[PDB]
Number of protein chains: 2
Amino acid sequence: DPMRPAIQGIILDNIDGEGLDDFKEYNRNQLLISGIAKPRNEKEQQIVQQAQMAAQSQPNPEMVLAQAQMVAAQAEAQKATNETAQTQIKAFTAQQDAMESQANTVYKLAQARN
Amino acid sequence: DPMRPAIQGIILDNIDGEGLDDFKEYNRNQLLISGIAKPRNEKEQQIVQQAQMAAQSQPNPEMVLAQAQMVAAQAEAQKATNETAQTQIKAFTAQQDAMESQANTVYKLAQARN
């Protein structure tokens, strides 16, 4: 369950003595980019948290790229959804031309009697 | 959890005695290329850290190459999204030619009476 890493992060944020500034800063960065620390409105809310929001929007193209194999199919089906209808339109045009040719050949039978 | 390697790296950065210069330097390199050491603004922030930023941008083509199998499909679908519409345009052109031929063959029926 998620819990246990969060409990360890909170514990390590407290405690500690000499020579642990870099380690504690590294811990707090991961603790606050995961929505557990509640930035205290000085620098991280606008620097590392905003970068975290960008990196939340950053890998959406990356992950849909791993899911674009059925997005190329989405696009192909979406366009074929309107392209093949040209065949219905062509059939309608051919029916109109058939009516024309019906009139024309009736006239042809009218003329050939002379 | 990540933690444990970071704790070991921090521990090994401290301590140590005679004849451990190369090992400690090798450890510190991996310690700051992973964003835990905070370069102390002398040489590494501009030499190895910049190279690591480049090597962060370096393998993006390498990894999307492992994900380009559905990027060739992206490109093919994207172009077919505008190429097949030539069939709709051709159907429109054929309809225009059909109405022209309607007028032309009506004229043909007009002339053949003499």
Side-chain angles (χ1 to χ4, degrees), chain A residues 1-2 33-35 45-114, chain B residues 50-114:
Chain A
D1 195 76
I33 66 169
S34 177
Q45 63 169 352
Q46 65 171 15
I47 299 306
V48 57
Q49 188 61 256
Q50 201 65 259
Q52 179 52 42
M53 295 298 102
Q56 172 66 263
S57 63
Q58 179 179 356
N60 209 342
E62 193 263 338
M63 61 79 71
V64 70
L65 195 151
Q67 293 179 356
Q69 60 277 21
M70 72 291 291
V71 174
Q74 292 168 358
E76 276 315 287
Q78 176 59 38
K79 186 179 180 181
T81 316
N82 213 346
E83 289 295 328
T84 301
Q86 79 90 28
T87 315
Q88 297 280 330
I89 303 170
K90 205 70 164 287
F92 205 78
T93 297
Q95 171 62 222
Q96 192 175 2
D97 198 10
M99 293 180 183
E100 183 178 1
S101 187
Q102 179 162 348
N104 308 330
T105 305
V106 168
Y107 173 80
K108 176 62 174 170
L109 312 196
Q111 263 302 103
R113 274 276 189 266
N114 298 313
Chain B
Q50 201 66 259
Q52 285 303 290
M53 295 298 102
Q56 174 66 262
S57 64
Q58 179 179 356
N60 210 342
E62 193 262 338
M63 65 182 179
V64 70
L65 195 151
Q67 293 179 356
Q69 60 277 21
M70 72 291 291
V71 174
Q74 291 168 358
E76 277 315 287
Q78 183 66 41
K79 186 178 180 181
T81 316
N82 213 346
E83 289 295 328
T84 301
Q86 79 91 28
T87 315
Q88 298 279 330
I89 303 169
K90 205 69 163 286
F92 206 79
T93 298
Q95 167 59 224
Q96 193 175 2
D97 197 10
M99 65 184 73
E100 181 180 0
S101 186
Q102 179 163 348
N104 307 330
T105 305
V106 168
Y107 172 81
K108 176 61 174 170
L109 312 196
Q111 264 302 103
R113 274 276 190 265
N114 298 313

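Below, chain A is the first sequence line, B the second, and so on; all start at residue 1. Below, each value reflects all heavy atoms present in this structure, side chains not excepted, and no hydrogens, waters or symmetry copies.
In this structure, CD in B:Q86 is found 8.5 Å from CD in A:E83, a value given to the nearest 0.5 Å. Here the OG atom belonging to B:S101 is positioned 12.5 Å from the CD atom belonging to B:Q96, to the nearest 0.5 angstrom. B:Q102 CD to A:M99 CE: the interatomic distance, rounded to the nearest 0.5 Å, is 11.0 Å. Going from atom CD of A:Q78 over to atom OG1 of B:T81 covers 9.5 Å, rounded to the nearest 0.5 Å. Here OG1 of B:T84 is found 11.5 Å from CG of A:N82. Values are rounded to the nearest 0.5 Å. To the nearest 0.5 Å, the span separating CG on B:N60 from CD on A:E62 amounts to 8.5 Å.
Residues A:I89 and B:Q88 come closest through the heavy atom pair CD1-OE1, 4.3 Å. Scanning both residues, A:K90 and B:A94, for their nearest heavy atoms gives CE-CB, 3.8 Å. Of all the heavy atoms in B:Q74 and A:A68, the pair that sits closest is NE2-CB, 3.3 Å. Nearest heavy atoms, B:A55 versus B:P59: O-CD, 2.9 Å. Across every non-hydrogen atom of B:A73 and A:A72, the tightest pair is O-CB, 3.5 Å. The two residues A:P61 and A:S57 make their nearest non-hydrogen contact at CD-O, 3.7 Å.
Listed by chain and residue number, B:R113 satisfy the side-chain hydrogen bond (donor to acceptor under 3.5 Å, both in side chains) test with A:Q111 (two or more places apart in sequence, or in another chain). B:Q95 pairs by the side-chain hydrogen bond (donor to acceptor under 3.5 Å, both in side chains) definition with A:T93, not counting sequence neighbours.
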Begin with the C-alpha distance, continue with both residues' side-chain angles, and end with the deciding distance and a verdict on side-chain contact (heavy atoms from CB on, under 4.5 Å) for A:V71 and B:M70.
CA-CA 9 Å; A:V71 174; B:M70 72 291 291; over 6 Å; no
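Counting heavy-atom neighbours within 6.0 Å of B:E76 CD, excluding the residue itself, gives a total of 12 or less.
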